[PDB]
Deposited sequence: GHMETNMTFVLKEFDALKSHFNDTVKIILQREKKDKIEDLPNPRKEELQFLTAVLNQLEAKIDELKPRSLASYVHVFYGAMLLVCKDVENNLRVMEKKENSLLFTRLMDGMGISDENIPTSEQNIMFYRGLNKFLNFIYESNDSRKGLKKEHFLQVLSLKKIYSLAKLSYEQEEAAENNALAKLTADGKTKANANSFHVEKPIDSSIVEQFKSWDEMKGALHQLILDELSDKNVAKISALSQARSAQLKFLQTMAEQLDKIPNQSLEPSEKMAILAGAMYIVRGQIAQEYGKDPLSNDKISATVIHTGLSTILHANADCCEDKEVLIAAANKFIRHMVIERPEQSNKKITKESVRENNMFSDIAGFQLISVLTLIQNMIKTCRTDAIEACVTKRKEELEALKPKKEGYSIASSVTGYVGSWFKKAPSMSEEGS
């Protein structure tokens, strides 16, 4: 097992790393360093200073979440180092790269687990929201944030890279999953950590009306394609509609006193974006494209119900994450025997042609896109008000 370094050890080691690099390059300040080493160290310094500022402010019980962020930041830079290497250059011969890995205590025989890598980037990506007003990207960037030393282009670039790393980490964990879970699914123990903003769900009117809209769209599909049942449709389209039906059905079994209707509508909405995303990929488009696809009844139908064209990327992330949280709870066997696994029998076991891992992977892709579109819009917004 990989034991994480304590926070004080990371701080002292990084401060030494900066000194070593500055001494080797014979510079006084890191702002005089060549690219991309300059911005990379300016980023880590900014992160560290902001971490220390939060520690001396909030006075937390455990510094575990703070270590997770620093680990994510240092690993993000290591990734940036690899991307900026020449065609023949090796990372093992990079001073900064080797210094960071040594500071985190990572070698060839000592690497963090899949879960630890995810927590690193999940922690950093949440930590990056400090640049937004009230920690919300809906309100744009702050006039003064902890990454002010960096340019808007670099902020977007690092954020984009960080979101892609979390996606890649999740996808690697999904690829190693096995479908030999013997445990039974438990909806009775499914409780949301934080309640959802009802304003995000008010466009779907109610849980009954949303179910009615879904059921009506399926009827319109069967009518337009002149078939009696869903199975008569294509293997792809059939699995998608049965996925939505299973989703809506499995949510009705749960009492409203154990799971609020607003939470149910959010979960169902996230499932709709997944199906909407799958169909969009069939047309060679991005899963979250707002372009109208007239050739598809379902994609057009789901877009109408979801109000996808008018909805912002932030609200979409919440809905998609809500569906992701429910699926992973019902289908994935979590620990605390050893390791995670897909239950051999779940909600989607009877659905022919259903590809679970593909769906969970698509979720991570749409999540990343929502986050990337959020920072891009804020960077572009900040650029305009600076150029006026």
item	value
Regions left out of the model, expressed as runs of the deposited sequence counted from 1	1-7, 344-348, 401-433
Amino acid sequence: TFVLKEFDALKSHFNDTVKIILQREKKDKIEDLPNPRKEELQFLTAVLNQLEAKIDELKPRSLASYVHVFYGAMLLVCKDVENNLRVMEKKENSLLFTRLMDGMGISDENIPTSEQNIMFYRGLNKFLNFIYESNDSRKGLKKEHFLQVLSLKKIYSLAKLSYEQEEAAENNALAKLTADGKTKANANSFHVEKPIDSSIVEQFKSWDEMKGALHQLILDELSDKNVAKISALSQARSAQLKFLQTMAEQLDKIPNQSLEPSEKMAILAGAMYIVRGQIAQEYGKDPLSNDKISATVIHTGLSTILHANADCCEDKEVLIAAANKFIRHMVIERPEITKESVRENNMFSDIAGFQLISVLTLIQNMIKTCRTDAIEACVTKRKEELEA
From here on, numbers count along this sequence of modelled residues.
item	value
Which of 21-29 and 363-371 has higher mean CA B factor, as the PDB entry lists it	21-29
Mean temperature factor over C-alpha atoms, higher-scoring stretch between 175-183 and 100-108	175-183
Largest Cα B-factor, entry values, listed residues 72, 284, 270, 195	195
Among 317, 80, 311, 166 - the residue whose C-alpha B-factor is largest in the record	311
Residue 65 - Cα temperature factor, lowest/middle/highest third of chain	middle
Chain-wide C-alpha B factor ranking for residue 203, given as lowest, middle or highest third	highest
Residue 307 by Cα B-factor - lowest, middle or highest third of the modelled chain	middle
Chain-relative CA temperature factor third for residue 280	lowest
B-factor third for the C-alpha atom of residue 39 within its chain	lowest
